[PDB]
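Colleague: Generate a structure from the sequence data that follows.
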Amino acid sequence: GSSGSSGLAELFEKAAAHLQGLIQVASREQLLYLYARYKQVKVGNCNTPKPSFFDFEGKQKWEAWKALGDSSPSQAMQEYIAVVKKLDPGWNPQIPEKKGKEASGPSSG
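Modeller: Numbering: from 1, shown residues only. I have put the structure below:
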């Protein structure tokens, strides 16, 4: 009926795996957009020295991740996910079905 109240992180985990599959649909900038936030949720405050001027490739990275001074992790996962949804509308992370077998359960060693 209404929006879902499922966990946030859980998604950030799945989406991440999709990224590698949405690389062809993700533009150069799109790749970073996820990196920066992905770094703010894993590490947090840049707390890192600015890259060299000549080193552009690395520059952008530090920048995008730098802009996230003291940004929250969840707030970074929200945008990090949605995006992937725009690139691939045929993505269903929240699936009720159950397909998986795990022997590791009863007495073992």
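Colleague: So residue 71 sits against residue 40, correct?
Modeller: Yes. Using Cβ atoms under 8 Å, residue 71 makes contact with residue 40 at a distance of 5.1 Å. The way it works is simple: take the backbone N, C-alpha and C, and place the C-beta from them, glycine included.
Colleague: If you count surrounding residues, which of those two has more?
Modeller: For residue 71 versus residue 40, the count of surrounding residues by other Cβ atoms under 10 Å is larger for residue 40: 25 against 16.
Colleague: Now do the contacts for that one.
Modeller: Applying Cβ atoms under 8 Å, 6 or more residues apart in numbering to residue 40 gives the contacts 65, 68, 71, 73, 76.
Colleague: Could you check which helix or strand contains it?
Modeller: Assessed by DSSP states H and E, residue 40 sits inside helix 28-42.
Colleague: in that helix, what counts as buried?
Modeller: By neighbour count on 16 or more other Cβ atoms under 10 Å, the buried set for helix 28-42 is 30, 32, 33, 34, 35, 36, 37, 38, 39, 40, 41.
Colleague: All the helices of this protein, in order from the start?
Modeller: 9-19, 28-42, 56-66, 73-87 (DSSP state H).
Colleague: Make JSON lines from the ones you listed and add distance to residue 98 to it.
Modeller: Listed next are the helices of the chain as JSON lines, based on distance: least, Cβ to Cβ, whole Å:
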{"stretch": "helix 9-19", "distance to residue 98": "15"}
{"stretch": "helix 28-42", "distance to residue 98": "28"}
{"stretch": "helix 56-66", "distance to residue 98": "37"}
{"stretch": "helix 73-87", "distance to residue 98": "22"}
